[PDB]
Amino acid sequence: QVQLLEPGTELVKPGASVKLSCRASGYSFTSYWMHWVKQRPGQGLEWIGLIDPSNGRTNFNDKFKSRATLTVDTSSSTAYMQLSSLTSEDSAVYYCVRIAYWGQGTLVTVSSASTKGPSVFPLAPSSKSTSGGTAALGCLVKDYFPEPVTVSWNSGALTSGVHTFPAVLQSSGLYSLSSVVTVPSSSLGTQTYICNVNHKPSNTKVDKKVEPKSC
Amino acid sequence: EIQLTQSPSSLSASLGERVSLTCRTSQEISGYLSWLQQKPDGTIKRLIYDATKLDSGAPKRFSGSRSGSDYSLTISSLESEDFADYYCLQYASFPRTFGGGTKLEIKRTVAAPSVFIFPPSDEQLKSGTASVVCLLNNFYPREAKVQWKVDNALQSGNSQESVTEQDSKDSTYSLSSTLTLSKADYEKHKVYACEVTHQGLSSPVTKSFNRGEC
């Protein structure tokens, strides 16, 4: 019955502002306080404040009081959280919350970075790979923004032994990710391995054959 | 602000195991504490509220209880759906505050990582940068130390690591460490090594490759 609907994701530049919406349904909007909670990637939960939809009275956490505005549109059962003067520390999943129910959250990513397709580089089985009958090979998907990028191998024909790592934000503000697969070292001469990289946000599609090199 | 000290921050356990998480309050909160579960997929669900009342949507293997300033969440017998993050939340005072959380992971026997190292592709070198990848594969537990040495000189602040979630089938982790250097620096050096320490390794494992070779 209780539904708390939030937007998917948002990319904002430093110093800019973001106005998150939280649409509620399933109960009496004004009868409940709406909380906003922040969660930085792999971080804990932090309460930002609440607003009483009935009167508009808000109560804040001092850290956000000076930059956050909590408003409500009772006509549309929507609470809004505008956070101003964003910096990278504001990149996080922001949830709206009412007693017992949590929204799915909106991932806000603050970056001065521009859209860019990944450079895909082969992580080749050389000799320093092969763990006996097991070689590791993969693709380094570098310098793309924003996330995400999907990587598959041999057009989905290869699923076993695949590890696509969570992306990391380089100091350049661009992401980088690696996808690796462990395969029988003896299959390197009878089987071709191709990582299929698709960065839909910049529609860059790339097929890189990862070929063994042994000087 | 009312502090909530949640312990332990991390916990490894097996199916069928009994586990209790606890949150200690700095000041009296009179049972105004809830326990939240955040599934791997990010969704958050309240399990217990008012410290001891089981939320209708929550399984009976969960229960809350309080001893003075200690509030605990106990899972009678852990099931697969219980391996997640847990947070206690207090609503006695403002600002609302949360405990630091408890990440519950699957316990399995130690497994040394398979380590692989990858030289930069000549393809990448054409762009002025060099990434060297050290791959730690299918290991357990999660804790692993990876250090980069370039011509035996410990590298610092120029590498980044990434770890996958615990594997659904074998409960292992895989870790990737990437060392980034300018093409210039990369060419000013010969031996690139990645030294790994992990509980399943009785000794540090080093994988390396020479630039002035294969």
# chains A, B, ... in the order shown; residues from 1 in each chain; ligands from 1
>>> closest_atom_pairs(of="chain A", to="chain B", cutoff="9 Å", atoms="only C-alpha atoms", output="JSON lines")
{"residue": "A:43", "atom": "CA", "partner": "B:100", "partner_atom": "CA", "distance": 8.5}
{"residue": "A:44", "atom": "CA", "partner": "B:100", "partner_atom": "CA", "distance": 5.7}
{"residue": "A:45", "atom": "CA", "partner": "B:98", "partner_atom": "CA", "distance": 6.4}
{"residue": "A:46", "atom": "CA", "partner": "B:98", "partner_atom": "CA", "distance": 6.9}
{"residue": "A:47", "atom": "CA", "partner": "B:96", "partner_atom": "CA", "distance": 5.9}
{"residue": "A:48", "atom": "CA", "partner": "B:95", "partner_atom": "CA", "distance": 8.1}
{"residue": "A:49", "atom": "CA", "partner": "B:95", "partner_atom": "CA", "distance": 7.3}
{"residue": "A:59", "atom": "CA", "partner": "B:95", "partner_atom": "CA", "distance": 8.0}
{"residue": "A:60", "atom": "CA", "partner": "B:95", "partner_atom": "CA", "distance": 6.8}
{"residue": "A:61", "atom": "CA", "partner": "B:95", "partner_atom": "CA", "distance": 5.3}
{"residue": "A:62", "atom": "CA", "partner": "B:95", "partner_atom": "CA", "distance": 8.3}
{"residue": "A:100", "atom": "CA", "partner": "B:46", "partner_atom": "CA", "distance": 6.0}
{"residue": "A:101", "atom": "CA", "partner": "B:45", "partner_atom": "CA", "distance": 7.1}
{"residue": "A:102", "atom": "CA", "partner": "B:44", "partner_atom": "CA", "distance": 6.0}
{"residue": "A:103", "atom": "CA", "partner": "B:43", "partner_atom": "CA", "distance": 7.9}
{"residue": "A:104", "atom": "CA", "partner": "B:43", "partner_atom": "CA", "distance": 5.8}
{"residue": "A:105", "atom": "CA", "partner": "B:43", "partner_atom": "CA", "distance": 8.1}
{"residue": "A:119", "atom": "CA", "partner": "B:124", "partner_atom": "CA", "distance": 8.3}
{"residue": "A:120", "atom": "CA", "partner": "B:124", "partner_atom": "CA", "distance": 8.6}
{"residue": "A:121", "atom": "CA", "partner": "B:124", "partner_atom": "CA", "distance": 6.4}
{"residue": "A:122", "atom": "CA", "partner": "B:121", "partner_atom": "CA", "distance": 6.3}
{"residue": "A:123", "atom": "CA", "partner": "B:118", "partner_atom": "CA", "distance": 5.8}
{"residue": "A:124", "atom": "CA", "partner": "B:118", "partner_atom": "CA", "distance": 6.6}
{"residue": "A:125", "atom": "CA", "partner": "B:118", "partner_atom": "CA", "distance": 7.6}
{"residue": "A:126", "atom": "CA", "partner": "B:214", "partner_atom": "CA", "distance": 7.7}
{"residue": "A:127", "atom": "CA", "partner": "B:214", "partner_atom": "CA", "distance": 8.4}
{"residue": "A:128", "atom": "CA", "partner": "B:117", "partner_atom": "CA", "distance": 6.0}
{"residue": "A:129", "atom": "CA", "partner": "B:116", "partner_atom": "CA", "distance": 5.1}
{"residue": "A:130", "atom": "CA", "partner": "B:116", "partner_atom": "CA", "distance": 7.9}
{"residue": "A:131", "atom": "CA", "partner": "B:114", "partner_atom": "CA", "distance": 7.6}
{"residue": "A:135", "atom": "CA", "partner": "B:116", "partner_atom": "CA", "distance": 8.5}
{"residue": "A:136", "atom": "CA", "partner": "B:116", "partner_atom": "CA", "distance": 6.8}
{"residue": "A:137", "atom": "CA", "partner": "B:118", "partner_atom": "CA", "distance": 8.4}
{"residue": "A:140", "atom": "CA", "partner": "B:131", "partner_atom": "CA", "distance": 8.7}
{"residue": "A:163", "atom": "CA", "partner": "B:164", "partner_atom": "CA", "distance": 7.4}
{"residue": "A:164", "atom": "CA", "partner": "B:164", "partner_atom": "CA", "distance": 7.5}
{"residue": "A:165", "atom": "CA", "partner": "B:164", "partner_atom": "CA", "distance": 5.5}
{"residue": "A:166", "atom": "CA", "partner": "B:162", "partner_atom": "CA", "distance": 6.1}
{"residue": "A:167", "atom": "CA", "partner": "B:162", "partner_atom": "CA", "distance": 7.2}
{"residue": "A:168", "atom": "CA", "partner": "B:162", "partner_atom": "CA", "distance": 6.8}
{"residue": "A:169", "atom": "CA", "partner": "B:160", "partner_atom": "CA", "distance": 8.9}
{"residue": "A:170", "atom": "CA", "partner": "B:160", "partner_atom": "CA", "distance": 8.0}
{"residue": "A:177", "atom": "CA", "partner": "B:162", "partner_atom": "CA", "distance": 8.4}
{"residue": "A:178", "atom": "CA", "partner": "B:176", "partner_atom": "CA", "distance": 7.7}
{"residue": "A:180", "atom": "CA", "partner": "B:135", "partner_atom": "CA", "distance": 8.6}
{"residue": "A:182", "atom": "CA", "partner": "B:137", "partner_atom": "CA", "distance": 8.8}
{"residue": "A:213", "atom": "CA", "partner": "B:214", "partner_atom": "CA", "distance": 8.5}
{"residue": "A:214", "atom": "CA", "partner": "B:214", "partner_atom": "CA", "distance": 6.6}
{"residue": "A:215", "atom": "CA", "partner": "B:214", "partner_atom": "CA", "distance": 5.7}
>>> select_by_dssp(residues="segment 29-76 of chain A", states="alpha helix (DSSP H)", output="PDB file with N, CA, C and O atoms, in the first residue's frame")
ATOM      1  N   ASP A  62      21.951  20.115  11.739  1.00  0.00           N
ATOM      2  CA  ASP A  62      22.797  21.282  11.509  1.00  0.00           C
ATOM      3  C   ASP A  62      23.716  21.224  10.295  1.00  0.00           C
ATOM      4  O   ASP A  62      23.924  22.243   9.662  1.00  0.00           O
ATOM      5  N   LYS A  63      24.268  20.058   9.961  1.00  0.00           N
ATOM      6  CA  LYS A  63      25.148  19.959   8.786  1.00  0.00           C
ATOM      7  C   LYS A  63      24.476  20.335   7.490  1.00  0.00           C
ATOM      8  O   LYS A  63      25.143  20.785   6.557  1.00  0.00           O
ATOM      9  N   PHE A  64      23.164  20.130   7.415  1.00  0.00           N
ATOM     10  CA  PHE A  64      22.453  20.444   6.186  1.00  0.00           C
ATOM     11  C   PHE A  64      21.569  21.685   6.236  1.00  0.00           C
ATOM     12  O   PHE A  64      21.158  22.190   5.200  1.00  0.00           O
ATOM     13  N   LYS A  65      21.301  22.194   7.433  1.00  0.00           N
ATOM     14  CA  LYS A  65      20.428  23.346   7.572  1.00  0.00           C
ATOM     15  C   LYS A  65      20.785  24.506   6.653  1.00  0.00           C
ATOM     16  O   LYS A  65      19.914  25.058   5.995  1.00  0.00           O
TER      17      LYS A  65
END
>>> atom_distance(atom1="atom CA of residue 68 of chain A", atom2="atom CA of residue 40 of chain B")
28.7 Å
>>> select_by_dssp(residues="segment 121-179 of chain B", states="strand (DSSP E or B)", output="JSON, numbers by chain")
{"B": [129, 130, 131, 132, 133, 134, 135, 136, 137, 138, 139, 140, 144, 145, 146, 147, 148, 149, 150, 153, 154, 159, 160, 161, 162, 163, 173, 174, 175, 176, 177, 178, 179]}
>>> residues_around(residues="residue 8 of chain B", least_positions_apart="3", cutoff="8 Å", atoms="only C-alpha atoms", output="list in words")
residues 11, 21, 22 and 102 of chain B
>>> residues_around(residues="residue 109 of chain B", least_positions_apart="6", cutoff="10 Å", atoms="only C-alpha atoms", output="MDAnalysis selection string")
chainID B and resid 139:141 171:172 200
>>> closest_residue(among="A:28, A:160, A:74, A:91", to="residue 56 of chain A", atoms="only C-alpha atoms")
A:74
>>> residues_around(residues="residue 173 of chain A", least_positions_apart="3", cutoff="12 Å", atoms="only C-alpha atoms", output="list in words")
residues 13, 14, 88, 109, 110, 111, 112, 113, 114, 115, 116, 142, 143, 144, 145, 146, 147, 167, 168, 169, 170 and 176 of chain A
>>> write_last_selection(atoms="N, CA, C and O atoms", output="PDB file, in the first residue's frame")
ATOM      1  N   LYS A  13      26.698  19.274 -11.523  1.00  0.00           N
ATOM      2  CA  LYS A  13      28.040  19.825 -11.421  1.00  0.00           C
ATOM      3  C   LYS A  13      28.292  20.472 -10.074  1.00  0.00           C
ATOM      4  O   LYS A  13      27.358  20.911  -9.397  1.00  0.00           O
ATOM      5  N   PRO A  14      29.565  20.522  -9.653  1.00  0.00           N
ATOM      6  CA  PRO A  14      29.843  21.144  -8.358  1.00  0.00           C
ATOM      7  C   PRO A  14      29.239  22.561  -8.296  1.00  0.00           C
ATOM      8  O   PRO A  14      29.113  23.240  -9.320  1.00  0.00           O
ATOM      9  N   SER A  88      31.474  17.265  -4.390  1.00  0.00           N
ATOM     10  CA  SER A  88      31.537  15.817  -4.516  1.00  0.00           C
ATOM     11  C   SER A  88      31.098  15.042  -3.261  1.00  0.00           C
ATOM     12  O   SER A  88      30.702  13.879  -3.365  1.00  0.00           O
ATOM     13  N   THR A 109      25.035  12.087  -8.482  1.00  0.00           N
ATOM     14  CA  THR A 109      26.467  12.059  -8.706  1.00  0.00           C
ATOM     15  C   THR A 109      26.872  13.480  -9.098  1.00  0.00           C
ATOM     16  O   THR A 109      26.396  14.009 -10.106  1.00  0.00           O
ATOM     17  N   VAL A 110      27.720  14.099  -8.277  1.00  0.00           N
ATOM     18  CA  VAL A 110      28.212  15.451  -8.514  1.00  0.00           C
ATOM     19  C   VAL A 110      29.600  15.312  -9.113  1.00  0.00           C
ATOM     20  O   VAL A 110      30.479  14.709  -8.509  1.00  0.00           O
ATOM     21  N   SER A 111      29.786  15.889 -10.294  1.00  0.00           N
ATOM     22  CA  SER A 111      31.043  15.808 -11.013  1.00  0.00           C
ATOM     23  C   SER A 111      31.129  16.915 -12.060  1.00  0.00           C
ATOM     24  O   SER A 111      30.132  17.262 -12.698  1.00  0.00           O
ATOM     25  N   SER A 112      32.319  17.470 -12.238  1.00  0.00           N
ATOM     26  CA  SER A 112      32.495  18.519 -13.232  1.00  0.00           C
ATOM     27  C   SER A 112      32.818  17.818 -14.538  1.00  0.00           C
ATOM     28  O   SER A 112      32.892  18.443 -15.594  1.00  0.00           O
ATOM     29  N   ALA A 113      32.970  16.497 -14.448  1.00  0.00           N
ATOM     30  CA  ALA A 113      33.288  15.646 -15.590  1.00  0.00           C
ATOM     31  C   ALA A 113      32.249  15.653 -16.692  1.00  0.00           C
ATOM     32  O   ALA A 113      31.057  15.777 -16.452  1.00  0.00           O
ATOM     33  N   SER A 114      32.739  15.480 -17.910  1.00  0.00           N
ATOM     34  CA  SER A 114      31.918  15.465 -19.102  1.00  0.00           C
ATOM     35  C   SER A 114      31.723  14.028 -19.606  1.00  0.00           C
ATOM     36  O   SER A 114      32.451  13.116 -19.201  1.00  0.00           O
ATOM     37  N   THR A 115      30.732  13.837 -20.476  1.00  0.00           N
ATOM     38  CA  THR A 115      30.444  12.532 -21.062  1.00  0.00           C
ATOM     39  C   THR A 115      31.606  12.048 -21.922  1.00  0.00           C
ATOM     40  O   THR A 115      32.149  12.782 -22.764  1.00  0.00           O
ATOM     41  N   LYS A 116      31.965  10.788 -21.738  1.00  0.00           N
ATOM     42  CA  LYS A 116      33.069  10.248 -22.494  1.00  0.00           C
ATOM     43  C   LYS A 116      33.017   8.743 -22.535  1.00  0.00           C
ATOM     44  O   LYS A 116      32.810   8.080 -21.512  1.00  0.00           O
ATOM     45  N   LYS A 142      38.575   1.994 -19.514  1.00  0.00           N
ATOM     46  CA  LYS A 142      39.062   3.190 -18.886  1.00  0.00           C
ATOM     47  C   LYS A 142      38.553   4.545 -19.384  1.00  0.00           C
ATOM     48  O   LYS A 142      38.278   4.733 -20.586  1.00  0.00           O
ATOM     49  N   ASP A 143      38.435   5.476 -18.429  1.00  0.00           N
ATOM     50  CA  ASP A 143      38.063   6.864 -18.703  1.00  0.00           C
ATOM     51  C   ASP A 143      36.750   7.109 -19.378  1.00  0.00           C
ATOM     52  O   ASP A 143      36.680   7.684 -20.459  1.00  0.00           O
ATOM     53  N   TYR A 144      35.699   6.690 -18.720  1.00  0.00           N
ATOM     54  CA  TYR A 144      34.381   6.877 -19.261  1.00  0.00           C
ATOM     55  C   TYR A 144      33.600   7.576 -18.169  1.00  0.00           C
ATOM     56  O   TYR A 144      33.931   7.489 -16.971  1.00  0.00           O
ATOM     57  N   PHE A 145      32.564   8.275 -18.593  1.00  0.00           N
ATOM     58  CA  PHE A 145      31.709   8.962 -17.668  1.00  0.00           C
ATOM     59  C   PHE A 145      30.409   9.215 -18.385  1.00  0.00           C
ATOM     60  O   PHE A 145      30.394   9.502 -19.586  1.00  0.00           O
ATOM     61  N   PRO A 146      29.294   9.058 -17.668  1.00  0.00           N
ATOM     62  CA  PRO A 146      29.235   8.652 -16.257  1.00  0.00           C
ATOM     63  C   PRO A 146      29.080   7.143 -16.241  1.00  0.00           C
ATOM     64  O   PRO A 146      29.110   6.506 -17.299  1.00  0.00           O
ATOM     65  N   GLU A 147      28.921   6.553 -15.061  1.00  0.00           N
ATOM     66  CA  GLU A 147      28.668   5.132 -15.048  1.00  0.00           C
ATOM     67  C   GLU A 147      27.246   4.971 -15.612  1.00  0.00           C
ATOM     68  O   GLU A 147      26.537   5.950 -15.773  1.00  0.00           O
ATOM     69  N   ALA A 167      33.132  -0.091 -10.629  1.00  0.00           N
ATOM     70  CA  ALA A 167      33.970   0.949 -11.210  1.00  0.00           C
ATOM     71  C   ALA A 167      34.604   1.779 -10.113  1.00  0.00           C
ATOM     72  O   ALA A 167      34.094   1.811  -9.003  1.00  0.00           O
ATOM     73  N   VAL A 168      35.733   2.416 -10.395  1.00  0.00           N
ATOM     74  CA  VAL A 168      36.344   3.295  -9.394  1.00  0.00           C
ATOM     75  C   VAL A 168      36.460   4.674 -10.033  1.00  0.00           C
ATOM     76  O   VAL A 168      36.687   4.788 -11.243  1.00  0.00           O
ATOM     77  N   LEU A 169      36.297   5.717  -9.234  1.00  0.00           N
ATOM     78  CA  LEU A 169      36.387   7.070  -9.754  1.00  0.00           C
ATOM     79  C   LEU A 169      37.846   7.506  -9.649  1.00  0.00           C
ATOM     80  O   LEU A 169      38.381   7.633  -8.550  1.00  0.00           O
ATOM     81  N   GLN A 170      38.484   7.713 -10.794  1.00  0.00           N
ATOM     82  CA  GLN A 170      39.883   8.111 -10.833  1.00  0.00           C
ATOM     83  C   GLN A 170      39.922   9.562 -10.416  1.00  0.00           C
ATOM     84  O   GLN A 170      38.891  10.240 -10.453  1.00  0.00           O
ATOM     85  N   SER A 176      36.792   4.013 -14.325  1.00  0.00           N
ATOM     86  CA  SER A 176      37.614   2.960 -14.884  1.00  0.00           C
ATOM     87  C   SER A 176      37.109   1.674 -14.226  1.00  0.00           C
ATOM     88  O   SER A 176      36.815   1.642 -13.031  1.00  0.00           O
TER      89      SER A 176
END
>>> closest_residue(among="A:158, A:183, A:92, A:70", to="residue 21 of chain A", atoms="only C-alpha atoms")
A:70
>>> closest_residue(among="A:96, A:20, A:151, A:157", to="residue 108 of chain A", atoms="only C-alpha atoms")
A:20
>>> residues_around(residues="segment 15-17 of chain B", least_positions_apart="6", cutoff="8 Å", atoms="only C-alpha atoms", output="PDB file with N, CA and C atoms, in the first residue's frame")
ATOM      1  N   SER B  76      17.658 -15.647  15.080  1.00  0.00           N
ATOM      2  CA  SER B  76      17.669 -16.980  15.670  1.00  0.00           C
ATOM      3  C   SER B  76      18.500 -17.961  14.861  1.00  0.00           C
ATOM      4  N   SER B  77      18.154 -18.106  13.580  1.00  0.00           N
ATOM      5  CA  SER B  77      18.841 -19.027  12.676  1.00  0.00           C
ATOM      6  C   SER B  77      18.974 -18.440  11.276  1.00  0.00           C
ATOM      7  N   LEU B  78      20.148 -17.883  10.987  1.00  0.00           N
ATOM      8  CA  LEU B  78      20.426 -17.254   9.696  1.00  0.00           C
ATOM      9  C   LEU B  78      20.103 -18.000   8.420  1.00  0.00           C
ATOM     10  N   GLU B  79      19.359 -17.329   7.554  1.00  0.00           N
ATOM     11  CA  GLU B  79      19.009 -17.879   6.263  1.00  0.00           C
ATOM     12  C   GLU B  79      19.752 -17.064   5.214  1.00  0.00           C
ATOM     13  N   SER B  80      19.729 -17.509   3.965  1.00  0.00           N
ATOM     14  CA  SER B  80      20.456 -16.800   2.924  1.00  0.00           C
ATOM     15  C   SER B  80      20.008 -15.363   2.702  1.00  0.00           C
ATOM     16  N   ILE B 106      28.714 -14.012   4.309  1.00  0.00           N
ATOM     17  CA  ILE B 106      28.732 -15.452   4.470  1.00  0.00           C
ATOM     18  C   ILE B 106      30.108 -15.950   4.881  1.00  0.00           C
TER      19      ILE B 106
END
>>> closest_residue(among="B:24, B:190, B:63, B:83", to="residue 107 of chain B", atoms="only C-alpha atoms")
B:83
>>> atom_distance(atom1="atom CA of residue 23 of chain B", atom2="atom CA of residue 38 of chain A")
20.1 Å
>>> decode(residues="segment 86-128 of chain B", atoms="C-alpha atoms", output="PDB file, in the first residue's frame")
ATOM      1  CA  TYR B  86      21.754  -3.689   9.281  1.00  0.00           C
ATOM      2  CA  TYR B  87      21.264  -0.347  10.879  1.00  0.00           C
ATOM      3  CA  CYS B  88      19.661   0.715  14.140  1.00  0.00           C
ATOM      4  CA  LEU B  89      17.897   4.056  14.092  1.00  0.00           C
ATOM      5  CA  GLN B  90      16.894   6.088  17.137  1.00  0.00           C
ATOM      6  CA  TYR B  91      13.890   8.405  17.127  1.00  0.00           C
ATOM      7  CA  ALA B  92      13.917   9.605  20.712  1.00  0.00           C
ATOM      8  CA  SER B  93      15.640  12.839  19.755  1.00  0.00           C
ATOM      9  CA  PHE B  94      16.776  15.201  17.010  1.00  0.00           C
ATOM     10  CA  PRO B  95      18.596  14.987  14.826  1.00  0.00           C
ATOM     11  CA  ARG B  96      17.581  11.396  14.078  1.00  0.00           C
ATOM     12  CA  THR B  97      20.755   9.326  14.184  1.00  0.00           C
ATOM     13  CA  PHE B  98      21.766   5.900  12.923  1.00  0.00           C
ATOM     14  CA  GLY B  99      24.255   3.369  14.144  1.00  0.00           C
ATOM     15  CA  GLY B 100      27.237   2.892  11.837  1.00  0.00           C
ATOM     16  CA  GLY B 101      25.795  -0.324  10.471  1.00  0.00           C
ATOM     17  CA  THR B 102      26.680  -4.012  10.453  1.00  0.00           C
ATOM     18  CA  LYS B 103      27.543  -5.808   7.214  1.00  0.00           C
ATOM     19  CA  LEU B 104      26.734  -9.500   7.477  1.00  0.00           C
ATOM     20  CA  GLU B 105      28.647 -11.735   5.069  1.00  0.00           C
ATOM     21  CA  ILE B 106      28.732 -15.452   4.470  1.00  0.00           C
ATOM     22  CA  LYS B 107      31.372 -17.342   6.398  1.00  0.00           C
ATOM     23  CA  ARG B 108      33.297 -19.964   4.475  1.00  0.00           C
ATOM     24  CA  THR B 109      36.684 -21.564   4.771  1.00  0.00           C
ATOM     25  CA  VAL B 110      39.728 -19.503   3.842  1.00  0.00           C
ATOM     26  CA  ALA B 111      40.759 -19.626   0.197  1.00  0.00           C
ATOM     27  CA  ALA B 112      44.002 -18.064  -0.989  1.00  0.00           C
ATOM     28  CA  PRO B 113      43.597 -15.763  -3.909  1.00  0.00           C
ATOM     29  CA  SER B 114      44.830 -16.713  -7.365  1.00  0.00           C
ATOM     30  CA  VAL B 115      46.960 -13.716  -8.300  1.00  0.00           C
ATOM     31  CA  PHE B 116      47.494 -12.481 -11.854  1.00  0.00           C
ATOM     32  CA  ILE B 117      49.334  -9.409 -13.034  1.00  0.00           C
ATOM     33  CA  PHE B 118      48.759  -7.598 -16.315  1.00  0.00           C
ATOM     34  CA  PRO B 119      51.250  -5.315 -18.094  1.00  0.00           C
ATOM     35  CA  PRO B 120      49.802  -2.216 -19.772  1.00  0.00           C
ATOM     36  CA  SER B 121      48.683  -2.853 -23.372  1.00  0.00           C
ATOM     37  CA  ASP B 122      50.913  -1.221 -25.998  1.00  0.00           C
ATOM     38  CA  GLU B 123      47.571   0.095 -27.145  1.00  0.00           C
ATOM     39  CA  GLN B 124      47.161   2.079 -23.881  1.00  0.00           C
ATOM     40  CA  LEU B 125      50.790   3.218 -23.837  1.00  0.00           C
ATOM     41  CA  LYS B 126      50.089   5.060 -27.077  1.00  0.00           C
ATOM     42  CA  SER B 127      47.867   7.341 -25.022  1.00  0.00           C
ATOM     43  CA  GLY B 128      50.517   8.488 -22.548  1.00  0.00           C
TER      44      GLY B 128
END
